[PDB]
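Novice: Pasting a structure below so you can have a look.
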Amino acid sequence: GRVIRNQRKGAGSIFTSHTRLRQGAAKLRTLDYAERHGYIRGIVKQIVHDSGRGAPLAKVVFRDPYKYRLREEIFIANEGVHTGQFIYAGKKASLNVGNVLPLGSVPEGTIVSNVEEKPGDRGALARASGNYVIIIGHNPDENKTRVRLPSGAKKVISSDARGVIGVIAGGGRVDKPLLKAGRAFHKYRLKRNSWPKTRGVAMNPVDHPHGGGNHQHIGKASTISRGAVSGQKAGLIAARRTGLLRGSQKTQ
Amino acid sequence: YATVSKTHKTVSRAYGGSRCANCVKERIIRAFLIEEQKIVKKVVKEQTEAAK
Amino acid sequence: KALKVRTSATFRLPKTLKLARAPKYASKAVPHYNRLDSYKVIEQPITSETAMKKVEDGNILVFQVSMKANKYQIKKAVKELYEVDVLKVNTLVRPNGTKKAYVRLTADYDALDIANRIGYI
Amino acid sequence: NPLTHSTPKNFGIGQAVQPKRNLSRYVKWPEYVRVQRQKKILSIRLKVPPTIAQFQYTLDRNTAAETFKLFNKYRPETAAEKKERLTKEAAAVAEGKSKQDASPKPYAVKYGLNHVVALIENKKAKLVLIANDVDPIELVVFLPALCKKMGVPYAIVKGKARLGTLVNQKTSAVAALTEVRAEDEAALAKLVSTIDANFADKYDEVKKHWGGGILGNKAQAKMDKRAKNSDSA
RNA sequence: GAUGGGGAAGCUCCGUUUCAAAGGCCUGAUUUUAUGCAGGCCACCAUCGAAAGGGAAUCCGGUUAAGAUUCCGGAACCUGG
RNA sequence: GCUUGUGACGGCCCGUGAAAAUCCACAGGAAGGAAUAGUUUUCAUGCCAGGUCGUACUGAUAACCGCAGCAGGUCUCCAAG
RNA sequence: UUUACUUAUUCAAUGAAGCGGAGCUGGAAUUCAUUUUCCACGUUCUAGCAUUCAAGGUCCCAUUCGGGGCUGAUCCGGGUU
């Protein structure tokens, strides 16, 4: 009967919509002949800050070619542009600063925005692709593209996307310690809650399968197997290494 | 607004609703700038595919 | 036998025809009787000191309505009698079983001269 | 007149509003429409069953014309012109005491499709036709076999609705003649040599081979264009 | 918390638009036809859901054994037909 | 002096300050139109109509919720010298 | 392991939005007799501007302030990006 606080997401209450503060999504509108190989132009004016974190959002509203309507669509903005600057991204034209081109019509060094990973389709039924323009070099070989990130993974996919060049002031926010503390509730009153990460040498005594009793010491390995039991998964999963990464790089 | 007469809000004028201050002036000044450059891209810039 | 012109919205709902929808007989032959009449709405006028005050201070009559009524079933009831117009109808709520009502008149008719003529004194 | 110009007009796609064009598929198709277009195919898309392979073959309008007109003179009387006739023979058959005596012979054309028994064991089958739509798929794979074994001249035709009008119904079947008059005697034996030389000679050869090679759609707009560059670019 | 889908022997639950044939109006030919065939448009298309929030409109004074911004007297405004 | 309300700023934003209906305005100008007569139903003036339900006292150190005439718990408005 | 053609399953949008092959045509690249191949097919300095069966031609009830084809926007495919 006494469960652990890893098996909670099955009530639909304290895990539901908790983000009044925000507005809309970020996925683009209807795709046509324009928003792909040929000619695609974007806009950015009211750079309203992204609610919940540190990012900009723009009121990218396109005059619908199919019908006289200008539905307000809050999309992701970028840093470097002022209050109003149209995108100059033409496949049959050229390239400048802050443009939107597929991952095939551009050479190495192309950090676009995130929207989709599939050859376009207004939010591909998937998403296991890139997080946006954030991409270095590509691959001239056919329509394939080999991306790479310092996270430690590889991926080979297509070379078509609707991401625009631009940056977001996020670097430094996590590099600068939460000095003036008082952050946990309003911290992750954002979308849900996942910041209690939470201890007790005697949190649940006549139990602790890990190891505790009456003294600060564990017993069993906190490395719970992935395919073994879904009733003991409390702590590390599928361990391999453990060390200390120093600041001095200069490696191979 | 509907309770009061029409002659208490916009009694005349024209370009004055969603824009004001100096936006009423900018909607004509900048317009004349580009339209005068349209002629160039209709006879002068169309001399590329003239000598086939 | 070629390209049918459909340059509009998707032809969804068909174009039905309104047939002569008329019954061959009455739904229940004899319709329900009228539950509204002048000789059923009013009942027994309450004779008290509180009632007399609410008569000569605004030209209002005092009776006793049944239950379900509005500002017309009482108004039309008076007009059906001796043809008397009503300026304002007052309907109250009596949470016990019965109910009361007030009937206002015009500046032409008199409340005291119509009270001893309708029935009571 | 003096303001005569030329060249097509251009809208900036994002700018302006475009009007509806020649909508063909835009007016989205109904539910079972996307189903029926993939339902009744059989001999169009992929391969065909050797037991049939006759739905792709049709009859010319030069022979079928004389065939339909031949069955025009042979048809039972309708319900509107038969029930009233019973009152006319009241003083000739009923009160006349003459059961099937003072009456002309009703030369009716033969019929029957999925219910044929007495027309095989008694050898009373001549001209045999095949239905068009045929909803029961299981009731068509043994129709030519009911004529090939007995040597009955079967004719692979398409249609049974118009022939249902000369039978006082809606759908028809075969149309053989066992007791035909001398008026259309030469107009019946002439069609025998035609059917036997265009249908009876093609059964064993058709049974062996499967049947296919039919072009599809966009599929042949890339597959055939690939072999062209693979052999001689 | 439904219809149109998708499990189960029955009693039902979740989701709220996740393959639509969902809704039927302005005008032309028609006051006295309670409306049958063709163009040009609009993507909203079960409901319920706050007596501290949201919100076009009325206050003061006097009388009675009790209670009003409701009746009486005086002074005004808005919406729909 | 204190209390309440409003306009114009700064500081705070590692944690970034809901949703909907009605009314009004601007851009755009497609239909229908006048000399003993056309064109607004928007101002002024005048006339008519607008249901049902809810409704008082009290609301707490003699009135609700703890067998009871209990010293417990119990939201909100104006806040004197 | 295995390229194309797959009447069965699932499938984001769905107001099937301007698509692929083929097909009236340029330019770039060099020669074997011609188009047997590869980029073409409405915005790209500025919240200044943009729509109403597109501004223009031919064919009709006649001199009408409107309306009805084709071209503009040719097909196949009905598996539209």
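The chains in the structure tokens are called A, B, ... from first to last as shown; in each chain the residues are counted from 1, and the ligands are counted from 1 in the order shown.
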Residues of chain G no more than 8 Å from chain D, counting only C-alpha atoms (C1' of nucleotides): send them over as an NGL selection string.
Specialist: :G and (4-5 or 7 or 16 or 21-22 or 36-37 or 42-43 or 50-51 or 53-57 or 72-73 or 77-78)
Novice: Give me, as a PyMOL selection string, the contact residues of chain A against chain E at a cut-off of 12 Å, counting only C-alpha atoms (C1' of nucleotides).
Specialist: chain A and resi 12+67-69+125
Novice: With only C-alpha atoms (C1' of nucleotides) considered, list every residue of chain E at most 12 Å from chain D, as a list in words.
Specialist: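 Putting it all together, I get residues 19, 20, 21, 40 and 41 of chain E.
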Novice: Report as JSON lines: every residue of chain C with an atom at most 8 Å from chain D, its closest pair of atoms, and their distance in Å to one decimal, counting only C-alpha atoms, with rows sorted by chain and ascending residue number.
Specialist:
{"residue": "C:3", "atom": "CA", "partner": "D:24", "partner_atom": "CA", "distance": 7.6}
{"residue": "C:4", "atom": "CA", "partner": "D:24", "partner_atom": "CA", "distance": 7.7}
{"residue": "C:5", "atom": "CA", "partner": "D:22", "partner_atom": "CA", "distance": 7.2}
{"residue": "C:6", "atom": "CA", "partner": "D:23", "partner_atom": "CA", "distance": 5.7}
{"residue": "C:7", "atom": "CA", "partner": "D:23", "partner_atom": "CA", "distance": 4.8}
{"residue": "C:8", "atom": "CA", "partner": "D:20", "partner_atom": "CA", "distance": 7.1}
{"residue": "C:9", "atom": "CA", "partner": "D:27", "partner_atom": "CA", "distance": 6.3}
{"residue": "C:10", "atom": "CA", "partner": "D:27", "partner_atom": "CA", "distance": 4.3}
{"residue": "C:11", "atom": "CA", "partner": "D:27", "partner_atom": "CA", "distance": 6.9}
Novice: Find the residues near residue 51 in chain C: any atom within 9 Å, counting only C-alpha atoms (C1' of nucleotides), skip ones fewer than 6 places away on the same chain, and give them as a VMD selection string.
Specialist: chain C and resid 45 61 to 62
Novice: Can those selected residues be exported to a file as a tab-separated table (two decimals), in the first residue's frame so that it contains C-alpha atoms?
Specialist:
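Here's the written file out.tsv:
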chain	number	residue	atom	x	y	z
C	45	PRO	CA	-60.18	39.32	-0.33
C	61	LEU	CA	-57.47	46.39	-5.18
C	62	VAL	CA	-57.00	43.32	-2.98
Novice: Using only C-alpha atoms (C1' of nucleotides), which protein or nucleic acid residues come within 12 Å of residue 18 in chain E? Drop anything in the same chain fewer than 6 positions from it, and give the result as a PDB file with N, CA and C atoms (P, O5', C5', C4', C3', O3' and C1' of nucleotides), in the first residue's frame.
Specialist:
ATOM      1  N   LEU A 125       3.604  14.847 -37.141  1.00  0.00           N
ATOM      2  CA  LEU A 125       3.032  13.954 -36.140  1.00  0.00           C
ATOM      3  C   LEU A 125       4.093  13.473 -35.157  1.00  0.00           C
TER       4      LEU A 125
ATOM      5  P     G E   5     -20.607   5.514 -36.246  1.00  0.00           P
ATOM      6  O5'   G E   5     -19.078   5.665 -35.817  1.00  0.00           O
ATOM      7  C5'   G E   5     -18.367   4.570 -35.265  1.00  0.00           C
ATOM      8  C4'   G E   5     -16.897   4.880 -35.125  1.00  0.00           C
ATOM      9  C3'   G E   5     -16.065   3.849 -34.378  1.00  0.00           C
ATOM     10  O3'   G E   5     -15.689   2.749 -35.189  1.00  0.00           O
ATOM     11  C1'   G E   5     -15.562   6.002 -33.554  1.00  0.00           C
ATOM     12  P     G E   6     -15.878   1.247 -34.651  1.00  0.00           P
ATOM     13  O5'   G E   6     -14.796   1.112 -33.491  1.00  0.00           O
ATOM     14  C5'   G E   6     -13.406   1.213 -33.775  1.00  0.00           C
ATOM     15  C4'   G E   6     -12.597   1.386 -32.513  1.00  0.00           C
ATOM     16  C3'   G E   6     -12.820   0.340 -31.431  1.00  0.00           C
ATOM     17  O3'   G E   6     -12.097  -0.856 -31.660  1.00  0.00           O
ATOM     18  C1'   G E   6     -12.893   2.493 -30.468  1.00  0.00           C
TER      19        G E   6
ATOM     20  P     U G  10      -7.558   1.214 -38.866  1.00  0.00           P
ATOM     21  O5'   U G  10      -6.323   2.036 -38.285  1.00  0.00           O
ATOM     22  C5'   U G  10      -5.891   1.853 -36.947  1.00  0.00           C
ATOM     23  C4'   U G  10      -4.577   2.548 -36.689  1.00  0.00           C
ATOM     24  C3'   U G  10      -4.523   4.025 -37.047  1.00  0.00           C
ATOM     25  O3'   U G  10      -5.088   4.857 -36.050  1.00  0.00           O
ATOM     26  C1'   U G  10      -2.609   2.937 -37.906  1.00  0.00           C
ATOM     27  P     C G  11      -6.090   6.045 -36.458  1.00  0.00           P
ATOM     28  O5'   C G  11      -5.144   7.135 -37.132  1.00  0.00           O
ATOM     29  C5'   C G  11      -4.094   7.744 -36.395  1.00  0.00           C
ATOM     30  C4'   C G  11      -3.114   8.442 -37.304  1.00  0.00           C
ATOM     31  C3'   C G  11      -3.702   9.488 -38.239  1.00  0.00           C
ATOM     32  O3'   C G  11      -3.935  10.747 -37.624  1.00  0.00           O
ATOM     33  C1'   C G  11      -2.264   8.063 -39.459  1.00  0.00           C
ATOM     34  P     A G  12      -3.004  11.284 -36.425  1.00  0.00           P
ATOM     35  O5'   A G  12      -3.295  12.851 -36.392  1.00  0.00           O
ATOM     36  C5'   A G  12      -2.630  13.696 -35.466  1.00  0.00           C
ATOM     37  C4'   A G  12      -2.027  14.898 -36.148  1.00  0.00           C
ATOM     38  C3'   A G  12      -2.998  15.801 -36.892  1.00  0.00           C
ATOM     39  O3'   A G  12      -3.675  16.710 -36.042  1.00  0.00           O
ATOM     40  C1'   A G  12      -1.142  15.341 -38.275  1.00  0.00           C
ATOM     41  P     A G  13      -5.219  17.069 -36.309  1.00  0.00           P
ATOM     42  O5'   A G  13      -5.185  18.004 -37.598  1.00  0.00           O
ATOM     43  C5'   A G  13      -4.511  19.255 -37.574  1.00  0.00           C
ATOM     44  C4'   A G  13      -4.290  19.788 -38.969  1.00  0.00           C
ATOM     45  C3'   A G  13      -5.541  19.994 -39.811  1.00  0.00           C
ATOM     46  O3'   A G  13      -6.202  21.214 -39.527  1.00  0.00           O
ATOM     47  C1'   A G  13      -3.922  18.841 -41.082  1.00  0.00           C
TER      48        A G  13
END
Novice: Residues of chain F were defined as contacting chain C if any atom lay at most 10 Å from it, counting only C-alpha atoms (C1' of nucleotides); please report them as a PDB file with C-alpha atoms (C1' of nucleotides), in the first residue's frame.
Specialist:
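Produced file out_17.pdb, reproduced below:
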ATOM      1  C1'   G F  51     -42.401  36.997 -17.439  1.00  0.00           C
ATOM      2  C1'   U F  52     -41.093  33.568 -13.483  1.00  0.00           C
ATOM      3  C1'   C F  53     -37.804  32.706  -9.297  1.00  0.00           C
ATOM      4  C1'   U F  55     -36.940  39.122  -1.218  1.00  0.00           C
TER       5        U F  55
END
Novice: Counting only C-alpha atoms (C1' of nucleotides), collect the residues of chain G whose closest atom lies at most 10 Å from chain B, and write them out as a list in words.
Specialist: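 Close enough to count are residues 26, 27, 46, 48 and 49 of chain G.
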Novice: Hey, list the chain E side of the contact with chain C: 12 Å cut-off, only C-alpha atoms (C1' of nucleotides), answer as a list in words.
Specialist: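 The answer, sorted by residue number, is residues 20, 21, 22, 23, 24, 33, 34, 35, 36, 37, 38, 39, 40, 41, 42, 43, 63, 64, 65, 70, 71, 72 and 73 of chain E.
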Novice: In Å to one decimal, how far is CA of residue 15 in chain A from CA of residue 207 in chain A?
Specialist: 26.8 Å
Novice: Quick one: everything within 7 Å of range 133-146 of chain A, counting only C-alpha atoms (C1' of nucleotides), minus sequence neighbours fewer than 3 positions away in the same chain. Send it as an MDAnalysis selection string.
Specialist: chainID A and resid 103:104 107:114 155:159 163:165
Novice: CA of residue 128 in chain A and CA of residue 8 in chain A, how far apart in Å?
Specialist: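 These atoms are spaced 25.7 Å apart.
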Novice: Within 12 Å of chain F, which residues of chain B are there when counting only C-alpha atoms (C1' of nucleotides)? Please give them as a list in words.
Specialist: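 Matching residues, ligands excluded from the count: residues 1, 2, 3, 4, 5, 6, 7, 8, 9, 10, 11, 13, 14, 15, 16, 17, 18, 19, 20, 24 and 27 of chain B.
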Novice: Quick check, in Å to one decimal: how far apart do CA of residue 241 in chain A and CA of residue 218 in chain A lie?
Specialist: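 Those two atoms sit 18.9 Å apart.
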Novice: Taking 2 positions as the minimum chain separation for residues in the same chain, which residues sit within 9 Å of residue 59 in chain D when counting only C-alpha atoms (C1' of nucleotides)? Answer as a PDB file with N, CA, C and O atoms, in the first residue's frame.
Specialist:
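The new file around.pdb reads:
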ATOM      1  N   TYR D  57     -12.939  -8.259 -70.749  1.00  0.00           N
ATOM      2  CA  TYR D  57     -13.356  -8.443 -72.134  1.00  0.00           C
ATOM      3  C   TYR D  57     -14.808  -8.022 -72.328  1.00  0.00           C
ATOM      4  O   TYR D  57     -15.698  -8.474 -71.610  1.00  0.00           O
ATOM      5  N   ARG D  61     -20.501  -3.222 -80.045  1.00  0.00           N
ATOM      6  CA  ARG D  61     -21.853  -2.691 -80.155  1.00  0.00           C
ATOM      7  C   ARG D  61     -22.480  -3.023 -81.506  1.00  0.00           C
ATOM      8  O   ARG D  61     -23.643  -2.709 -81.754  1.00  0.00           O
ATOM      9  N   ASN D  62     -21.702  -3.657 -82.376  1.00  0.00           N
ATOM     10  CA  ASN D  62     -22.184  -4.040 -83.696  1.00  0.00           C
ATOM     11  C   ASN D  62     -22.973  -5.345 -83.649  1.00  0.00           C
ATOM     12  O   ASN D  62     -23.913  -5.543 -84.418  1.00  0.00           O
ATOM     13  N   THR D  63     -22.582  -6.231 -82.737  1.00  0.00           N
ATOM     14  CA  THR D  63     -23.243  -7.522 -82.586  1.00  0.00           C
ATOM     15  C   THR D  63     -24.295  -7.468 -81.480  1.00  0.00           C
ATOM     16  O   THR D  63     -25.349  -8.095 -81.579  1.00  0.00           O
ATOM     17  N   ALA D  64     -24.002  -6.706 -80.431  1.00  0.00           N
ATOM     18  CA  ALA D  64     -24.902  -6.586 -79.290  1.00  0.00           C
ATOM     19  C   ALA D  64     -26.179  -5.831 -79.654  1.00  0.00           C
ATOM     20  O   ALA D  64     -27.203  -5.970 -78.988  1.00  0.00           O
ATOM     21  N   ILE D 156     -19.998 -14.205 -73.213  1.00  0.00           N
ATOM     22  CA  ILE D 156     -19.593 -13.257 -72.181  1.00  0.00           C
ATOM     23  C   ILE D 156     -20.075 -11.854 -72.521  1.00  0.00           C
ATOM     24  O   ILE D 156     -19.434 -11.135 -73.288  1.00  0.00           O
ATOM     25  N   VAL D 157     -21.209 -11.467 -71.949  1.00  0.00           N
ATOM     26  CA  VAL D 157     -21.792 -10.156 -72.209  1.00  0.00           C
ATOM     27  C   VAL D 157     -21.854  -9.340 -70.921  1.00  0.00           C
ATOM     28  O   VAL D 157     -21.719  -9.881 -69.824  1.00  0.00           O
ATOM     29  N   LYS D 158     -22.043  -8.030 -71.060  1.00  0.00           N
ATOM     30  CA  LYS D 158     -22.145  -7.145 -69.907  1.00  0.00           C
ATOM     31  C   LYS D 158     -23.466  -6.380 -69.924  1.00  0.00           C
ATOM     32  O   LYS D 158     -23.700  -5.545 -70.797  1.00  0.00           O
TER      33      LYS D 158
END
Novice: Can you check which parts of chain A lie within 9 Å of chain D? Per residue, the shortest pair of atoms and distance in Å to one decimal, counting only C-alpha atoms, sorted by chain and number, as JSON lines.
Specialist:
{"residue": "A:34", "atom": "CA", "partner": "D:13", "partner_atom": "CA", "distance": 8.5}
{"residue": "A:62", "atom": "CA", "partner": "D:14", "partner_atom": "CA", "distance": 7.2}
{"residue": "A:63", "atom": "CA", "partner": "D:14", "partner_atom": "CA", "distance": 5.7}
{"residue": "A:64", "atom": "CA", "partner": "D:14", "partner_atom": "CA", "distance": 6.4}
{"residue": "A:65", "atom": "CA", "partner": "D:14", "partner_atom": "CA", "distance": 5.1}
{"residue": "A:66", "atom": "CA", "partner": "D:18", "partner_atom": "CA", "distance": 6.4}
{"residue": "A:67", "atom": "CA", "partner": "D:17", "partner_atom": "CA", "distance": 5.9}
{"residue": "A:68", "atom": "CA", "partner": "D:17", "partner_atom": "CA", "distance": 6.0}
